[PDB]
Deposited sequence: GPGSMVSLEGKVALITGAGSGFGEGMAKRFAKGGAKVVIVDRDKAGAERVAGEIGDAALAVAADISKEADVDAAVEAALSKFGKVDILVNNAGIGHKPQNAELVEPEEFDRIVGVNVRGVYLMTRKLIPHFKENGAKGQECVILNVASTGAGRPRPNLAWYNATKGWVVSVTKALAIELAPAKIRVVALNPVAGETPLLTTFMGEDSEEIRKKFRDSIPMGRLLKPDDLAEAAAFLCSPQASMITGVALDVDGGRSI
């Protein structure tokens, strides 16, 4: 289904990104594991096997993004799918207590990093689309982008940026045969969950359980597949009903 495709996934050394890298590879994709956590990237890539390449990079820095893209193209010759999944947050707290240094770092990863990775790959994607090869950008946002609860204000707003840029890129890039979509996950069983924080979260999800990486990975695999070739500009909630 993703056979022949090459997916570059940021933040794939852990959590949701790790689940997507594994699910995509099981679907026949080559996967470029881009993460600032070199040990996690290498573990995931080694667990997947020869279809995975680990790339250590801080996607908030332009030089690292240039190097990660060059590495992906050297190894696999093309990139078909970009998954912007890397992200950081802040501990829940009153908004006015997040100081500018922490605010700036969160924007650097969740906003600038998406901008850098997307901007660097758009020329390649346009080349591919001109050859009749559709490309997909998938951005991982959050139910908090449009359905926030108190105490995660600046994190949630970066995910609102992501949902917005998904729409804006989608309408601009559709004639180039590039689709741009987003996923809005609810609280998931990843290492980052203790930062945004379990019975209280579970009971707030109408379907009655937390999201697991495998759940989100299936929606990502569908949206990045040719079976979704007319789906673009959407932000799909994968949340057990939390956003209703």
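Coordinate coverage of the deposited sequence breaks at 1-6, 204-210, these segments carrying no C-alpha atoms.
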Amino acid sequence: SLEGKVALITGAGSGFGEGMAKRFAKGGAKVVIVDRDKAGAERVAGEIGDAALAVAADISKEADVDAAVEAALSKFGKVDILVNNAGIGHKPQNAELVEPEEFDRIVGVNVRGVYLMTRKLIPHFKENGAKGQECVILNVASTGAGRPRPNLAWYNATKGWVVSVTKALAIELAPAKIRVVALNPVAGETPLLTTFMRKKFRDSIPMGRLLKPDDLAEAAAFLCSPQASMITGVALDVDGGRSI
From here on, numbers count along this sequence of modelled residues.
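Taking only CA atoms, the mean B-factor in the PDB entry is higher for 14-22 than for the other of 226-234 and 14-22.
Comparing 126-134 with 77-85, the higher mean C-alpha B-factor in the PDB entry belongs to 126-134. Of the residues listed, 31, 180, 183, 68, the entry assigns the biggest Cα temperature factor to 68. Annotation for residue 112: CA B-factor lies in the middle third of the chain's modelled residues. Residue 53: CA B factor lies in the middle third for its chain, per the PDB record.
Residue-level temperature factors show residue 244 in the middle third of its chain, judged at the C-alpha atom. For residue 219, the recorded CA temperature factor ranks within the lowest third of the chain's modelled residues.
Residue 120 sits in the middle third of its chain by CA B factor, as recorded in the PDB entry.
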